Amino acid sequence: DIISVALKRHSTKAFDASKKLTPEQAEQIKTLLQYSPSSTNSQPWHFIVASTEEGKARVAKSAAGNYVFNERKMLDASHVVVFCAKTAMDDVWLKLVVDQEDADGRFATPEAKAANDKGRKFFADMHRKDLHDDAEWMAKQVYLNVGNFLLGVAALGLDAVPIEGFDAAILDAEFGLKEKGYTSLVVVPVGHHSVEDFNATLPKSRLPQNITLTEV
C-alpha cells in the first residue's frame, strides 16, 4: 500500500483552483496534523489552515523577493497549512500537556502523572537550560509532522508540495506569531494538481542505497 504511494507522490508545481477538498477530507487534513508524534508528547506546534481566498492571499504575501515562484501554489491550492513551532517552552504549556493526558485516561493512579511530568521535565531541562537549543529542538518535532503530513495527504489522494522558500518575517507579522509566541517554518498547500504541474510527469530521482544506507 504505502510503498507505491511513496513512489508516486510528488511535489506539485501548479494547482487547479477549482478542485476543492471534500468536506470530510478537510477534517481529516485537520486530523493528521494533531495525531502526529512528538518528543515526550511535547506537541510544540501551532497550525494556521487557510481555506478561503482571503486567508490564502494573506499567506502568499510571504512569497515575495526571491520567493516569487512559490506564490501561485499559495493561491491556486484549496487548503494551505502553515506549520509553526513555539519560540520557547514555558512551564505552564508542559503542564497543559500532562493535564490533557490526565483527562484522556492515560494514568490509573496519581503517581504516574507526576512521573511523566518529570520524564518530560528531564528532556525539557536538557534542551532549554543546558544545550539551549529548545527553539531548534521544538522545530524538529514539526518537520517530523511535515513528513507525517506529506505521506498522509498523498495516500488520501490529494496533491501537495512542501515549501521553505518564503520570508518568515512577514508571515510572522501577518498573523502575529511573534505576539502569540510562535514562528512559521514550512508552508504546505494541498489540493489537486493542474497538468500545468510538470513534476507529475517526470520520474523520481534518489541517490542509490549503496551511498545512503549501511547494513550491519
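Each residue number is its position in the shown sequence, starting from 1.
Across the two stretches, 178-186 and 33-41, the PDB entry reports the greater mean Cα temperature factor for 178-186.
In this crystal structure, the stretch out of 44-52 and 146-154 whose C-alpha atoms carry the higher mean B factor is 44-52. Residues shown: 136, 99, 130, 90. Highest C-alpha temperature factor in the entry: 130.
Per the PDB entry, 118 shows the highest C-alpha temperature factor of the residues 118, 72, 140, 95.
When all modelled residues of the chain are sorted by CA temperature factor, residue 57 is found within the highest third. In this PDB entry, the Cα temperature factor of residue 63 sits in the middle third of its chain's modelled residues. When the CA B factors of the chain's modelled residues are split into thirds, the value for residue 199 lands in the middle one. Per the deposited record, the Cα B-factor of residue 163 falls in the lowest third when ranked against the other modelled residues of its chain. Per the PDB record, residue ranking by Cα B-factor puts residue 13 in the highest third of the chain.
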